Structures are given as C-alpha cells and as structure tokens.
C-alpha cells in the first residue's frame, strides 16, 4: 500500500502520545514555500488547525534555505522569546505557548515541517526531544519518497 497519509497520521499520534504534548502536526510546503497543515493530532480541548493554508513570509522569502541545512525552532515560552509580531500572532491564533519545529527533507530539499506545540502552558524542550523529533522527520523523509 505505502499509504503516506496513514503513516503520517500514525506518526504524529505516536509523537503526541510519547512526548505528552498538546499538538503534533505536519506542515507541507507548496512550490513557493507557502504550505498547508496537512496532518494533525491535537487534544480536543483546543481548536484543530488541520488543512489551514499558511503564507509565511520567512519561509517564502528564504525559500526554506536555513531549514534545508538543519535549522530548527525550539521555544519554551513564545511570549518571552524574541519573535517578530506577525509571527507571534500566527502562533497565538494556533493557541501556542511553546513550539518545537523541525525540517522534513527530500534529500537536501525542504519538504515540510514536523511541529510539536504546547497549548496549555510553556514547556521546556529537552535535548533528547529535539533528537526524537528530528529522527521522526528522517523516517517521514524516507516514507515520502516511496509513497
């Protein structure tokens, strides 16, 4: 079968349950580095962002180049982090307190992001959790090719 959608759904569920976080989702980039939240596991208590189309200026202007070379975002508390206003308001609209966002690659090509959000309260991200989510993104990268 190699059903990609099923594997991705299982992945984000697996991650959300194991890290005990409020949302894990996959953001898939369009050809211009806009994109869509294509798969999501979220706690019922918060609003689902599934299939939201996002036109993020940082991604669209850089064309993901930094994320293609392994940059990631790990922020425990988005209100004390130094974020520009419009990006903080996107996160606020997604009800985010803390964010761990890692690149999903096809070779060196940035295909999307694998993102964990904490929505209840801030949350320190541990070293291993960053490695965990990155390694999950590796597994997704393999699956995408062969889907």
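Positions refer to the first chain, counted from 1.
Relative to one another, 34 to 42 and 106 to 114 have unequal mean CA B-factors, and 106 to 114 is the one with the higher figure.
Annotation for 76 to 84 versus 45 to 53: the higher mean temperature factor (C-alpha) is found in 76 to 84. When all modelled residues of the chain are sorted by CA temperature factor, residue 93 is found within the highest third. In this PDB entry, the Cα temperature factor of residue 9 sits in the middle third of its chain's modelled residues. Among the modelled residues of its chain, residue 28 has a C-alpha B-factor that falls in the lowest third, as given in the PDB entry. Annotation for residue 119: C-alpha temperature factor in the middle third relative to the rest of the modelled chain, per the entry.
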